[PDB]
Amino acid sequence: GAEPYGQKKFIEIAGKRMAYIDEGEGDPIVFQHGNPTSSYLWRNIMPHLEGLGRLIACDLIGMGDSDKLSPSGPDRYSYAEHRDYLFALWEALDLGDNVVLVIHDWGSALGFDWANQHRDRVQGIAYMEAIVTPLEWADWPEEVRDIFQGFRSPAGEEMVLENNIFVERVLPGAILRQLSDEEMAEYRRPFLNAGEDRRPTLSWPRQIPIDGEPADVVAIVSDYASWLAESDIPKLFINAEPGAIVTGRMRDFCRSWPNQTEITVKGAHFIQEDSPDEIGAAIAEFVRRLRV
């Protein structure tokens, strides 16, 4: 269960190498990770979709085996910069117009935004522990609120760049099981060096739309949230118990979305590490249904 899935391919986008999985034939099934993960997140999910489509899992810029930006610093790895690289990669990959999106965390902001911009090219959306509408601090799990407000303060650089707290604390804190040393090492790999190599993992929490900031991301999220609440695009909502960011009022909101089926699995935030086989089977049933 610790082994990566497949063998990564590489494409140069805007002078940087992006790494991604691309296996199989047919209409794509696109799996997008978030913070502080990579395509690896999906390694026990993707085998359940074998033979049902072209399976794609991209590593965001500066993450996984994609190259780092230079010079890195606080103005880099914003949502929009990530979107520039990922959307370019998706274009380069010639996805066509029957794309299924499988999305999590910042992967869900990116994927929901993509779908909102390309409504005619998305066959269906499976999402989990996603950014579904703009947040307030009350929506955030109490037990990590102090850490997240830390990230979103000048203390963030020390917390992440020097102390790697997102990788070392937040990630295993939001997985119910204990990862193996080997799993751990894979997740740490892109961020082993203190300093700017760890930047994406600090830029990301600074982009979360909370209390109206950052405004640009709030607007992007509001836009797709309003669209999804009325859209007839097929959806699969994978709810988690106890879950983390899709709880309370946020969970009520996404449950109101049209043309959607839902499952519940055990998990906190990184639920792929806790309930892969249920997740995989639900996505396989959804894709089979859409593609019959």
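The numbering used is simple: start at 1 and walk along the sequence shown.
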> Got a sec? Mean C-alpha B-factor, which is higher, 32-40 or 65-73?
Replying inline: 65-73
>> Please compare 165-173 with 133-141 and name the stretch with the higher mean C-alpha B-factor in the deposited structure.
In response: 133-141
> Based on the PDB record, which member of 213, 84, 113, 91 exhibits the highest Cα temperature factor?
Replying inline: 213
>> For the CA B factor values reported in this entry, which option in 154, 124, 205, 107 has the top one?
In response: 154
>> Per the entry's values, where does residue 261 land by CA temperature factor relative to the rest of its chain, in the lowest, middle or highest third?
In response: highest
>> Is residue 247 in the lowest, middle or highest third of its chain when residues are ranked by C-alpha B-factor?
In response: middle
> Lowest, middle or highest third: where is residue 48 by C-alpha B factor in its chain?
Replying inline: middle
> With respect to C-alpha B-factor, does residue 117 fall in the lowest, middle or highest third of the chain as deposited?
Replying inline: middle
>> Test of reading the entry: by CA B factor among the chain's modelled residues, which third contains residue 13?
In response: middle
